[PDB]
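Chemist: The following file, start.cif, comprises mmCIF, N, CA, C and O atoms:
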data_query
#
loop_
_atom_site.group_PDB
_atom_site.id
_atom_site.type_symbol
_atom_site.label_atom_id
_atom_site.label_comp_id
_atom_site.auth_asym_id
_atom_site.auth_seq_id
_atom_site.Cartn_x
_atom_site.Cartn_y
_atom_site.Cartn_z
ATOM 1 N N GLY A 1 73.505 91.037 88.131
ATOM 2 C CA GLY A 1 73.028 89.928 87.327
ATOM 3 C C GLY A 1 72.965 88.630 88.108
ATOM 4 O O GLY A 1 73.991 88.113 88.549
ATOM 5 N N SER A 2 71.757 88.103 88.280
ATOM 6 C CA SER A 2 71.563 86.861 89.018
ATOM 7 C C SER A 2 70.868 85.816 88.151
ATOM 8 O O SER A 2 69.797 86.064 87.598
ATOM 9 N N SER A 3 71.488 84.645 88.035
ATOM 10 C CA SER A 3 70.933 83.563 87.231
ATOM 11 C C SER A 3 70.499 82.398 88.115
ATOM 12 O O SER A 3 69.350 81.959 88.064
ATOM 13 N N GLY A 4 71.427 81.901 88.927
ATOM 14 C CA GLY A 4 71.122 80.790 89.811
ATOM 15 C C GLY A 4 71.348 81.134 91.270
ATOM 16 O O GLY A 4 71.837 82.216 91.592
ATOM 17 N N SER A 5 70.989 80.210 92.156
ATOM 18 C CA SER A 5 71.148 80.422 93.589
ATOM 19 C C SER A 5 72.603 80.731 93.934
ATOM 20 O O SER A 5 72.915 81.804 94.450
ATOM 21 N N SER A 6 73.488 79.782 93.644
ATOM 22 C CA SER A 6 74.908 79.950 93.926
ATOM 23 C C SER A 6 75.464 81.173 93.203
ATOM 24 O O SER A 6 75.039 81.501 92.096
ATOM 25 N N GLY A 7 76.420 81.845 93.839
ATOM 26 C CA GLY A 7 77.019 83.025 93.243
ATOM 27 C C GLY A 7 78.074 82.680 92.211
ATOM 28 O O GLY A 7 79.273 82.750 92.489
ATOM 29 N N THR A 8 77.631 82.304 91.015
ATOM 30 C CA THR A 8 78.545 81.944 89.939
ATOM 31 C C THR A 8 79.643 82.989 89.777
ATOM 32 O O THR A 8 79.396 84.189 89.908
ATOM 33 N N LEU A 9 80.856 82.528 89.494
ATOM 34 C CA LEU A 9 81.993 83.423 89.314
ATOM 35 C C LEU A 9 83.216 82.658 88.821
ATOM 36 O O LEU A 9 83.327 81.449 89.021
ATOM 37 N N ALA A 10 84.135 83.371 88.178
ATOM 38 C CA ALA A 10 85.354 82.760 87.661
ATOM 39 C C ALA A 10 86.584 83.574 88.047
ATOM 40 O O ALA A 10 86.510 84.795 88.200
ATOM 41 N N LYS A 11 87.714 82.894 88.203
ATOM 42 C CA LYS A 11 88.960 83.554 88.571
ATOM 43 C C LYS A 11 90.003 83.400 87.468
ATOM 44 O O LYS A 11 90.378 82.286 87.106
ATOM 45 N N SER A 12 90.467 84.527 86.938
ATOM 46 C CA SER A 12 91.465 84.518 85.875
ATOM 47 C C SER A 12 92.811 85.023 86.387
ATOM 48 O O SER A 12 92.991 86.219 86.620
ATOM 49 N N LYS A 13 93.753 84.104 86.560
ATOM 50 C CA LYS A 13 95.084 84.454 87.044
ATOM 51 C C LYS A 13 96.160 83.946 86.090
ATOM 52 O O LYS A 13 96.088 82.822 85.598
ATOM 53 N N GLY A 14 97.160 84.785 85.833
ATOM 54 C CA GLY A 14 98.237 84.403 84.940
ATOM 55 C C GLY A 14 99.379 85.402 84.948
ATOM 56 O O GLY A 14 100.548 85.018 84.985
ATOM 57 N N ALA A 15 99.040 86.686 84.910
ATOM 58 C CA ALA A 15 100.045 87.741 84.913
ATOM 59 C C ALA A 15 100.251 88.299 86.319
ATOM 60 O O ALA A 15 101.381 88.542 86.740
ATOM 61 N N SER A 16 99.151 88.498 87.038
ATOM 62 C CA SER A 16 99.211 89.031 88.394
ATOM 63 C C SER A 16 100.083 88.151 89.285
ATOM 64 O O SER A 16 99.653 87.094 89.743
ATOM 65 N N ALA A 17 101.312 88.597 89.526
ATOM 66 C CA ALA A 17 102.244 87.853 90.364
ATOM 67 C C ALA A 17 102.036 88.177 91.839
ATOM 68 O O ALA A 17 101.540 89.249 92.185
ATOM 69 N N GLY A 18 102.417 87.244 92.705
ATOM 70 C CA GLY A 18 102.264 87.449 94.133
ATOM 71 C C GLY A 18 102.464 86.174 94.927
ATOM 72 O O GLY A 18 103.552 85.597 94.923
ATOM 73 N N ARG A 19 101.414 85.734 95.613
ATOM 74 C CA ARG A 19 101.482 84.520 96.418
ATOM 75 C C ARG A 19 100.735 83.375 95.740
ATOM 76 O O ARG A 19 99.814 83.601 94.956
ATOM 77 N N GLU A 20 101.141 82.147 96.047
ATOM 78 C CA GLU A 20 100.511 80.967 95.465
ATOM 79 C C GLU A 20 100.580 79.784 96.426
ATOM 80 O O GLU A 20 101.616 79.529 97.039
ATOM 81 N N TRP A 21 99.469 79.067 96.551
ATOM 82 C CA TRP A 21 99.403 77.911 97.438
ATOM 83 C C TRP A 21 99.792 76.634 96.699
ATOM 84 O O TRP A 21 99.183 76.280 95.688
ATOM 85 N N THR A 22 100.808 75.946 97.208
ATOM 86 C CA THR A 22 101.277 74.710 96.596
ATOM 87 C C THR A 22 100.623 73.494 97.241
ATOM 88 O O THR A 22 100.373 73.478 98.445
ATOM 89 N N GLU A 23 100.347 72.476 96.430
ATOM 90 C CA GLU A 23 99.720 71.256 96.924
ATOM 91 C C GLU A 23 100.201 70.929 98.334
ATOM 92 O O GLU A 23 99.423 70.485 99.178
ATOM 93 N N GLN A 24 101.488 71.151 98.580
ATOM 94 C CA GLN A 24 102.073 70.879 99.888
ATOM 95 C C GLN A 24 101.392 71.709 100.972
ATOM 96 O O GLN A 24 100.976 71.178 102.002
ATOM 97 N N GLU A 25 101.285 73.012 100.733
ATOM 98 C CA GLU A 25 100.656 73.914 101.691
ATOM 99 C C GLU A 25 99.204 73.517 101.939
ATOM 100 O O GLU A 25 98.784 73.334 103.082
ATOM 101 N N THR A 26 98.439 73.385 100.859
ATOM 102 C CA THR A 26 97.033 73.011 100.958
ATOM 103 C C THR A 26 96.820 71.962 102.042
ATOM 104 O O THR A 26 95.965 72.121 102.915
ATOM 105 N N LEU A 27 97.599 70.888 101.982
ATOM 106 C CA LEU A 27 97.494 69.811 102.960
ATOM 107 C C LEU A 27 97.719 70.336 104.375
ATOM 108 O O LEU A 27 96.865 70.180 105.249
ATOM 109 N N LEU A 28 98.871 70.960 104.592
ATOM 110 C CA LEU A 28 99.207 71.511 105.900
ATOM 111 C C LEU A 28 98.008 72.224 106.515
ATOM 112 O O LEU A 28 97.632 71.956 107.658
ATOM 113 N N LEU A 29 97.410 73.130 105.751
ATOM 114 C CA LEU A 29 96.251 73.882 106.220
ATOM 115 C C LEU A 29 95.219 72.952 106.853
ATOM 116 O O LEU A 29 94.680 73.241 107.922
ATOM 117 N N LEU A 30 94.951 71.835 106.187
ATOM 118 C CA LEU A 30 93.985 70.860 106.684
ATOM 119 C C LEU A 30 94.480 70.213 107.973
ATOM 120 O O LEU A 30 93.782 70.213 108.986
ATOM 121 N N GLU A 31 95.691 69.665 107.927
ATOM 122 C CA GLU A 31 96.278 69.016 109.093
ATOM 123 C C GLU A 31 95.975 69.801 110.365
ATOM 124 O O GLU A 31 95.493 69.244 111.351
ATOM 125 N N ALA A 32 96.259 71.100 110.334
ATOM 126 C CA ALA A 32 96.014 71.962 111.484
ATOM 127 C C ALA A 32 94.521 72.170 111.707
ATOM 128 O O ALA A 32 94.047 72.172 112.844
ATOM 129 N N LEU A 33 93.783 72.343 110.616
ATOM 130 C CA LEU A 33 92.341 72.551 110.692
ATOM 131 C C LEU A 33 91.682 71.486 111.564
ATOM 132 O O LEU A 33 90.554 71.659 112.025
ATOM 133 N N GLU A 34 92.396 70.387 111.787
ATOM 134 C CA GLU A 34 91.880 69.296 112.604
ATOM 135 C C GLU A 34 92.189 69.528 114.080
ATOM 136 O O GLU A 34 91.338 69.320 114.945
ATOM 137 N N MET A 35 93.415 69.960 114.361
ATOM 138 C CA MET A 35 93.837 70.221 115.732
ATOM 139 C C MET A 35 93.511 71.656 116.137
ATOM 140 O O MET A 35 92.781 71.888 117.101
ATOM 141 N N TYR A 36 94.057 72.614 115.396
ATOM 142 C CA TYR A 36 93.827 74.024 115.680
ATOM 143 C C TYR A 36 92.689 74.574 114.824
ATOM 144 O O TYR A 36 92.724 75.726 114.389
ATOM 145 N N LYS A 37 91.682 73.742 114.586
ATOM 146 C CA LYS A 37 90.532 74.142 113.784
ATOM 147 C C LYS A 37 90.204 75.616 113.999
ATOM 148 O O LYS A 37 90.170 76.400 113.050
ATOM 149 N N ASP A 38 89.965 75.987 115.252
ATOM 150 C CA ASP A 38 89.643 77.368 115.593
ATOM 151 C C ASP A 38 90.912 78.174 115.854
ATOM 152 O O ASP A 38 91.075 79.278 115.336
ATOM 153 N N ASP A 39 91.806 77.614 116.661
ATOM 154 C CA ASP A 39 93.061 78.280 116.992
ATOM 155 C C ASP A 39 93.825 78.659 115.726
ATOM 156 O O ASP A 39 94.719 77.935 115.289
ATOM 157 N N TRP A 40 93.465 79.796 115.143
ATOM 158 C CA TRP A 40 94.116 80.271 113.928
ATOM 159 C C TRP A 40 95.569 80.642 114.197
ATOM 160 O O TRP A 40 96.458 80.319 113.409
ATOM 161 N N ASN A 41 95.805 81.321 115.315
ATOM 162 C CA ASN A 41 97.153 81.735 115.688
ATOM 163 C C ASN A 41 98.161 80.626 115.404
ATOM 164 O O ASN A 41 99.224 80.869 114.832
ATOM 165 N N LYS A 42 97.820 79.407 115.807
ATOM 166 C CA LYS A 42 98.693 78.258 115.596
ATOM 167 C C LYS A 42 98.670 77.819 114.135
ATOM 168 O O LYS A 42 99.711 77.518 113.550
ATOM 169 N N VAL A 43 97.477 77.788 113.550
ATOM 170 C CA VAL A 43 97.320 77.388 112.156
ATOM 171 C C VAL A 43 98.355 78.070 111.269
ATOM 172 O O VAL A 43 99.054 77.414 110.496
ATOM 173 N N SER A 44 98.450 79.390 111.386
ATOM 174 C CA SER A 44 99.399 80.163 110.592
ATOM 175 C C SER A 44 100.822 79.658 110.804
ATOM 176 O O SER A 44 101.664 79.752 109.912
ATOM 177 N N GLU A 45 101.082 79.122 111.992
ATOM 178 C CA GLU A 45 102.405 78.602 112.323
ATOM 179 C C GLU A 45 102.592 77.195 111.761
ATOM 180 O O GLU A 45 103.659 76.856 111.250
ATOM 181 N N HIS A 46 101.547 76.380 111.862
ATOM 182 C CA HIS A 46 101.595 75.010 111.365
ATOM 183 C C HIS A 46 102.067 74.974 109.914
ATOM 184 O O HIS A 46 102.986 74.232 109.568
ATOM 185 N N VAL A 47 101.432 75.782 109.071
ATOM 186 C CA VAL A 47 101.787 75.843 107.658
ATOM 187 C C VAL A 47 103.269 76.157 107.477
ATOM 188 O O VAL A 47 104.023 75.349 106.936
ATOM 189 N N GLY A 48 103.678 77.337 107.933
ATOM 190 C CA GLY A 48 105.068 77.737 107.812
ATOM 191 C C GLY A 48 105.226 79.091 107.148
ATOM 192 O O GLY A 48 105.685 80.046 107.773
ATOM 193 N N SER A 49 104.844 79.173 105.877
ATOM 194 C CA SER A 49 104.951 80.418 105.126
ATOM 195 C C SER A 49 103.572 81.020 104.873
ATOM 196 O O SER A 49 103.225 81.349 103.738
ATOM 197 N N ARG A 50 102.790 81.161 105.939
ATOM 198 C CA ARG A 50 101.448 81.721 105.833
ATOM 199 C C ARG A 50 101.042 82.408 107.133
ATOM 200 O O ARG A 50 101.487 82.026 108.215
ATOM 201 N N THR A 51 100.193 83.425 107.019
ATOM 202 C CA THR A 51 99.728 84.166 108.184
ATOM 203 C C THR A 51 98.265 83.861 108.482
ATOM 204 O O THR A 51 97.500 83.506 107.584
ATOM 205 N N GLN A 52 97.881 84.001 109.747
ATOM 206 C CA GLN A 52 96.508 83.739 110.161
ATOM 207 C C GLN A 52 95.523 84.136 109.067
ATOM 208 O O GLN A 52 94.780 83.300 108.554
ATOM 209 N N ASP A 53 95.524 85.418 108.713
ATOM 210 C CA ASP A 53 94.631 85.926 107.679
ATOM 211 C C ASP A 53 94.667 85.032 106.443
ATOM 212 O O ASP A 53 93.668 84.410 106.086
ATOM 213 N N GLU A 54 95.826 84.976 105.793
ATOM 214 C CA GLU A 54 95.991 84.159 104.596
ATOM 215 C C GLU A 54 95.324 82.798 104.769
ATOM 216 O O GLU A 54 94.497 82.391 103.952
ATOM 217 N N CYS A 55 95.691 82.099 105.837
ATOM 218 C CA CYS A 55 95.130 80.782 106.119
ATOM 219 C C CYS A 55 93.607 80.808 106.026
ATOM 220 O O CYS A 55 93.008 80.049 105.265
ATOM 221 N N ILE A 56 92.988 81.686 106.809
ATOM 222 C CA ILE A 56 91.536 81.811 106.816
ATOM 223 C C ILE A 56 90.986 81.906 105.398
ATOM 224 O O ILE A 56 90.025 81.221 105.044
ATOM 225 N N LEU A 57 91.600 82.761 104.587
ATOM 226 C CA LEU A 57 91.174 82.945 103.204
ATOM 227 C C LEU A 57 91.259 81.635 102.427
ATOM 228 O O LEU A 57 90.255 81.139 101.914
ATOM 229 N N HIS A 58 92.463 81.078 102.348
ATOM 230 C CA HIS A 58 92.678 79.823 101.636
ATOM 231 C C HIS A 58 91.589 78.811 101.977
ATOM 232 O O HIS A 58 91.055 78.138 101.095
ATOM 233 N N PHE A 59 91.263 78.708 103.262
ATOM 234 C CA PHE A 59 90.238 77.777 103.720
ATOM 235 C C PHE A 59 88.940 77.975 102.944
ATOM 236 O O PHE A 59 88.284 77.008 102.552
ATOM 237 N N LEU A 60 88.573 79.233 102.725
ATOM 238 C CA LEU A 60 87.352 79.557 101.995
ATOM 239 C C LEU A 60 87.621 79.648 100.496
ATOM 240 O O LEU A 60 87.048 80.489 99.803
ATOM 241 N N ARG A 61 88.493 78.775 100.003
ATOM 242 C CA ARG A 61 88.836 78.756 98.586
ATOM 243 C C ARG A 61 88.694 77.349 98.011
ATOM 244 O O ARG A 61 88.110 77.160 96.943
ATOM 245 N N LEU A 62 89.231 76.366 98.726
ATOM 246 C CA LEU A 62 89.165 74.977 98.287
ATOM 247 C C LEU A 62 87.824 74.680 97.621
ATOM 248 O O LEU A 62 86.805 75.305 97.915
ATOM 249 N N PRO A 63 87.823 73.702 96.704
ATOM 250 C CA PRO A 63 86.615 73.298 95.979
ATOM 251 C C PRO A 63 85.609 72.588 96.880
ATOM 252 O O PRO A 63 85.840 72.429 98.079
ATOM 253 N N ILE A 64 84.494 72.164 96.294
ATOM 254 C CA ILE A 64 83.454 71.471 97.045
ATOM 255 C C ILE A 64 83.808 70.002 97.246
ATOM 256 O O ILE A 64 84.479 69.395 96.411
ATOM 257 N N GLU A 65 83.352 69.435 98.359
ATOM 258 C CA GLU A 65 83.621 68.037 98.669
ATOM 259 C C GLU A 65 82.766 67.113 97.805
ATOM 260 O O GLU A 65 81.574 67.356 97.609
ATOM 261 N N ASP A 66 83.382 66.055 97.290
ATOM 262 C CA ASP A 66 82.679 65.096 96.447
ATOM 263 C C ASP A 66 82.753 63.693 97.042
ATOM 264 O O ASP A 66 83.746 63.305 97.658
ATOM 265 N N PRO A 67 81.677 62.913 96.858
ATOM 266 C CA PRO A 67 81.596 61.542 97.369
ATOM 267 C C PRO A 67 82.533 60.592 96.632
ATOM 268 O O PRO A 67 83.242 59.799 97.252
ATOM 269 N N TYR A 68 82.533 60.678 95.306
ATOM 270 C CA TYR A 68 83.383 59.823 94.485
ATOM 271 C C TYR A 68 83.735 60.510 93.168
ATOM 272 O O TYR A 68 82.882 60.680 92.296
ATOM 273 N N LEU A 69 84.997 60.901 93.031
ATOM 274 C CA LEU A 69 85.464 61.567 91.821
ATOM 275 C C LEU A 69 86.988 61.593 91.768
ATOM 276 O O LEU A 69 87.642 62.119 92.669
ATOM 277 N N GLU A 70 87.548 61.025 90.704
ATOM 278 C CA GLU A 70 88.995 60.985 90.533
ATOM 279 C C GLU A 70 89.572 62.395 90.448
ATOM 280 O O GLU A 70 89.306 63.130 89.498
ATOM 281 N N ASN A 71 90.365 62.765 91.449
ATOM 282 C CA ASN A 71 90.980 64.088 91.488
ATOM 283 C C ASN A 71 92.280 64.106 90.690
ATOM 284 O O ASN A 71 92.802 63.059 90.309
ATOM 285 N N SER A 72 92.797 65.305 90.441
ATOM 286 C CA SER A 72 94.035 65.462 89.686
ATOM 287 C C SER A 72 95.151 64.617 90.291
ATOM 288 O O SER A 72 94.988 64.024 91.358
ATOM 289 N N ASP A 73 96.286 64.567 89.603
ATOM 290 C CA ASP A 73 97.432 63.796 90.072
ATOM 291 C C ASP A 73 98.554 64.718 90.538
ATOM 292 O O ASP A 73 98.723 65.820 90.016
ATOM 293 N N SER A 74 99.318 64.260 91.524
ATOM 294 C CA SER A 74 100.421 65.045 92.064
ATOM 295 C C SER A 74 101.316 65.569 90.944
ATOM 296 O O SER A 74 101.712 66.733 90.943
ATOM 297 N N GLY A 75 101.628 64.698 89.990
ATOM 298 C CA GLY A 75 102.473 65.090 88.876
ATOM 299 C C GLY A 75 103.937 65.173 89.261
ATOM 300 O O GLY A 75 104.356 64.672 90.304
ATOM 301 N N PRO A 76 104.742 65.818 88.403
ATOM 302 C CA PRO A 76 106.180 65.978 88.636
ATOM 303 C C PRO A 76 106.477 66.935 89.787
ATOM 304 O O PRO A 76 105.567 67.390 90.480
ATOM 305 N N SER A 77 107.756 67.236 89.985
ATOM 306 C CA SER A 77 108.173 68.136 91.053
ATOM 307 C C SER A 77 108.243 69.576 90.555
ATOM 308 O O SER A 77 109.278 70.027 90.067
ATOM 309 N N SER A 78 107.131 70.293 90.683
ATOM 310 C CA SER A 78 107.062 71.682 90.242
ATOM 311 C C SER A 78 108.126 72.526 90.938
ATOM 312 O O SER A 78 108.175 72.594 92.165
ATOM 313 N N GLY A 79 108.976 73.168 90.143
ATOM 314 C CA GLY A 79 110.028 73.999 90.699
ATOM 315 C C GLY A 79 109.610 75.449 90.837
ATOM 316 O O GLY A 79 108.440 75.744 91.079
#
Would it be possible to restate this file's structure as structure tokens?
Modeler:
Amino acid sequence: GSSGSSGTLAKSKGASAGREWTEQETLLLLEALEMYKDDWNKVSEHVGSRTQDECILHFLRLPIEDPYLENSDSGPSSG
């Protein structure tokens, strides 16, 4: 089924337990993406609790870049 150019899709997560990227991690990934942009081996190390593979994936997950749009707030300290 094809409607538009972009591959429309939705992700439903709630019960499936496993791994999760925390706002903290998300940033780390970027920090390295600047220095070890290509050097994945290091990237996986920069983060801390992530492997080369995982890192690569996460990278292809983040939302689209916007010119001007108020993003969510850090909020409380999620435990």
Chemist: Could you check the closest approach to residue 74 of chain A for each of A:56, A:40, A:46, A:23 and tell me which residue wins, using only C-alpha atoms?
Modeler: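 Closest to residue 74 of chain A, using only C-alpha atoms: A:23.
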Chemist: Would you compute, for all listed atoms of segment 60-72 of chain A, the axis-aligned bounding box grown by 4 Å on each side, and then report its centre and edge lengths in Å rounded to one decimal, as JSON?
Modeler:
{"center_x": 88.4, "center_y": 70.1, "center_z": 96.1, "size_x": 21.6, "size_y": 28.7, "size_z": 21.2}
Chemist: Go through A:31, A:66, A:61, A:25 one by one, measure the shortest atom-to-atom distance of each to residue 49 of chain A using all atoms listed in the file, and give the residue with the smallest value.
Modeler: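 Of all the options, A:25 lies closest to residue 49 of chain A.
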Chemist: For residue 43 of chain A, find every residue with an atom within 8 Å (counting only N, CA, C and O atoms), except residues of its own chain fewer than 5 positions away, and show them as a ChimeraX atom specification.
Modeler: /A:28-29,31-33,35-38,48-52,55-56
Chemist: What does the distance between atom O of residue 63 of chain A and atom CA of residue 20 of chain A come to in Å, to one decimal place?
Modeler: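 Value for the atom O of residue 63 of chain A-atom CA of residue 20 of chain A distance: 17.2 Å.
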Chemist: A:2, A:60, A:79, A:47: which is nearest residue 24 of chain A, counting only C-alpha atoms?
Modeler: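 Closest residue, counting only C-alpha atoms: A:47.
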Chemist: DSSP on the backbone, alpha helix (DSSP H) only: what residues of chain A does that give? Format it as a ChimeraX atom specification.
Modeler: /A:23-35,40-47,52-59
Chemist: Atom N of residue 9 of chain A to atom O of residue 62 of chain A: how many Å, to one decimal?
Modeler: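 Distance between the two atoms: 12.6 Å.
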Chemist: Distance atom C of residue 11 of chain A-atom N of residue 44 of chain A, one decimal place?
Modeler: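 Atom-to-atom, atom C of residue 11 of chain A to atom N of residue 44 of chain A, that is 25.7 Å.
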Chemist: From the list A:72, A:1, A:15, A:59, which residue is nearest residue 30 of chain A when using only N, CA, C and O atoms?
Modeler: A:59
